[PDB]
Amino acid sequence: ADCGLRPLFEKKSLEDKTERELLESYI
Amino acid sequence: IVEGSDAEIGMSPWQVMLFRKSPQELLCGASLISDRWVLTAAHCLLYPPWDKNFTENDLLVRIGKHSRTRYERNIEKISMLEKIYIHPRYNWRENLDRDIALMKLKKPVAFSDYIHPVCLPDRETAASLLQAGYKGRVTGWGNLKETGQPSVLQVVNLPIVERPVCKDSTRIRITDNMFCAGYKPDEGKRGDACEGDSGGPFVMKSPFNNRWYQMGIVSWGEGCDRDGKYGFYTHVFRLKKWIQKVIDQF
Ligand SMILES: *[C@@H]1O[C@H](CO)[C@@H](O)[C@H](O)[C@H]1NC(C)=O
Ligand code: NA
C-alpha cells in the first residue's frame, strides 16, 4: 500500500550510502 | 554475505530472519511483504534429501534486527507462524524451480521506522528493470566467506547477468522462474550471498517511483563468490499469480 518507502530514508528524504550505484546502473 | 558491508540503521526494513525453535539457530533470511505475510525460499522449509520438512511449530521469525547479538527492546519483534505455504510445483528433486514460500504470522506486525514492508513488482516494473546490467541489492546475516557469521546486517549490490551467461555457468536446468546476478571475473568487483542468506531478498529501487521492489529471492548457487559462478534468484514476478492466491485465500 505504502510499501518500499523506507521511513528513515525515502520518507525522511534521505539516500542510503550506496543507492546511487543502483540508479546509476540504469544508464 | 560475501564481499558486502554493514547496513545503515533501517536500510532494509522488510528484512526478516527465519529461526528454528529447538535449538534456536539462524536458518534463512526472509522479507515482509505486508502486515501478516513473510516471503522466504521453499528450500529453507522443505528439502527432503537432507530430511528437511518444517512445520509452522518448528519455526520462529525475528523482524527489525540490526545486530544479531544485541537485543533492542521496542525495535525488534519476534513472531510465531500460523501456517506455511510452499509452492505446489516447487521442484527440489531436480533444479530448485519455483523455490518460493509464504509465512502467515500468528499475529500482524505493527510498522515502525525499522519494520516496514517491501513492494512486489508489476508487469511493467519487472519487464523494465529485470534486465542484464542493472544492479540490485542482496542482504543477510549469512556467512561472510565460504567453508564466519556477521554481527550487523550485511549488504551487497550485484548486477543482473545475461540469461545465456547464467545457463553456461552451471549444469542445472535454468527456468524462466530463475534469474542470476553477480560480477564477472574481469568486472573487478565481487560479492554474493552465502549459507544463511537463502530465502533473503534481492531488491531494486524503481527509477520511476523511488519504491523498493523485491525482484528475487536468494535461491541457490555453487559455492559463494566463486569466479565464473553467479547467484541464482527466484523470479518473484513469474510467481506473483501464486503469491496472490495464497494471500487472497487465507
Ligand atoms: C511433511 O510433514 C507433514 C506432516 O508433518 C506431511 O503432511 C507432509 O506430506 C510432509 N512432506 C514431506 C515431503 O515430507
Ligand atoms: Na562470482
# chains A, B, ... in the order shown; residues from 1 in each chain; ligands from 1
>>> residues_near_ligand(ligand="ligand 1", cutoff="12 Å", atoms="only C-alpha atoms and all ligand atoms", output="PyMOL selection string")
chain B and resi 42-43+45-58+84-86+88+90-93
>>> select_by_dssp(residues="chain A", states="alpha helix (DSSP H)", output="NGL selection string")
:A and (19-25)
>>> write_last_selection(atoms="N, CA, C and O atoms", output="PDB file, in the first residue's frame")
ATOM      1  N   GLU A  19      22.778   3.674  -2.637  1.00  0.00           N
ATOM      2  CA  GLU A  19      21.652   3.508  -3.562  1.00  0.00           C
ATOM      3  C   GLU A  19      21.901   4.142  -4.945  1.00  0.00           C
ATOM      4  O   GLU A  19      21.310   3.681  -5.927  1.00  0.00           O
ATOM      5  N   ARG A  20      22.804   5.155  -5.041  1.00  0.00           N
ATOM      6  CA  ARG A  20      23.114   5.797  -6.322  1.00  0.00           C
ATOM      7  C   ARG A  20      23.679   4.795  -7.312  1.00  0.00           C
ATOM      8  O   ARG A  20      23.350   4.881  -8.492  1.00  0.00           O
ATOM      9  N   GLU A  21      24.491   3.826  -6.829  1.00  0.00           N
ATOM     10  CA  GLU A  21      25.106   2.749  -7.620  1.00  0.00           C
ATOM     11  C   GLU A  21      24.029   2.022  -8.449  1.00  0.00           C
ATOM     12  O   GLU A  21      24.198   1.815  -9.660  1.00  0.00           O
ATOM     13  N   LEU A  22      22.894   1.720  -7.793  1.00  0.00           N
ATOM     14  CA  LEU A  22      21.737   1.056  -8.388  1.00  0.00           C
ATOM     15  C   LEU A  22      21.130   1.935  -9.484  1.00  0.00           C
ATOM     16  O   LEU A  22      21.144   1.543 -10.651  1.00  0.00           O
ATOM     17  N   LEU A  23      20.645   3.138  -9.121  1.00  0.00           N
ATOM     18  CA  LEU A  23      20.045   4.060 -10.078  1.00  0.00           C
ATOM     19  C   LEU A  23      20.994   4.385 -11.244  1.00  0.00           C
ATOM     20  O   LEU A  23      20.535   4.446 -12.384  1.00  0.00           O
ATOM     21  N   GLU A  24      22.314   4.506 -10.969  1.00  0.00           N
ATOM     22  CA  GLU A  24      23.362   4.776 -11.962  1.00  0.00           C
ATOM     23  C   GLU A  24      23.417   3.678 -13.017  1.00  0.00           C
ATOM     24  O   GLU A  24      23.622   3.976 -14.190  1.00  0.00           O
ATOM     25  N   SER A  25      23.241   2.406 -12.590  1.00  0.00           N
ATOM     26  CA  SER A  25      23.300   1.228 -13.455  1.00  0.00           C
ATOM     27  C   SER A  25      22.227   1.227 -14.558  1.00  0.00           C
ATOM     28  O   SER A  25      22.402   0.566 -15.576  1.00  0.00           O
TER      29      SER A  25
END
>>> residues_near_ligand(ligand="ligand 2", cutoff="6 Å", atoms="only C-alpha atoms and all ligand atoms", output="PyMOL selection string")
chain B and resi 182-184+225-230
>>> interface_residues(of="chain B", to="chain A", cutoff="6 Å", atoms="only C-alpha atoms", output="count of residues only")
8
>>> residues_around(residues="residue B:220", least_positions_apart="5", cutoff="9 Å", atoms="only C-alpha atoms", output="number ranges by chain")
B: 96, 198, 231-234
>>> residues_around(residues="residue B:132", least_positions_apart="5", cutoff="7 Å", atoms="only C-alpha atoms", output="mmCIF file with N, CA and C atoms, in the first residue's frame")
data_model
loop_
_atom_site.group_PDB
_atom_site.id
_atom_site.type_symbol
_atom_site.label_atom_id
_atom_site.label_comp_id
_atom_site.auth_asym_id
_atom_site.auth_seq_id
_atom_site.Cartn_x
_atom_site.Cartn_y
_atom_site.Cartn_z
ATOM 1 N N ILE B 160 22.654 -7.836 -12.578
ATOM 2 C CA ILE B 160 21.922 -8.945 -13.208
ATOM 3 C C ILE B 160 22.738 -9.437 -14.429
ATOM 4 N N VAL B 161 23.037 -10.758 -14.480
ATOM 5 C CA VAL B 161 23.816 -11.404 -15.552
ATOM 6 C C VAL B 161 22.857 -11.914 -16.648
ATOM 7 N N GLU B 162 23.308 -11.842 -17.933
ATOM 8 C CA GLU B 162 22.598 -12.279 -19.142
ATOM 9 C C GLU B 162 22.265 -13.733 -18.983
#
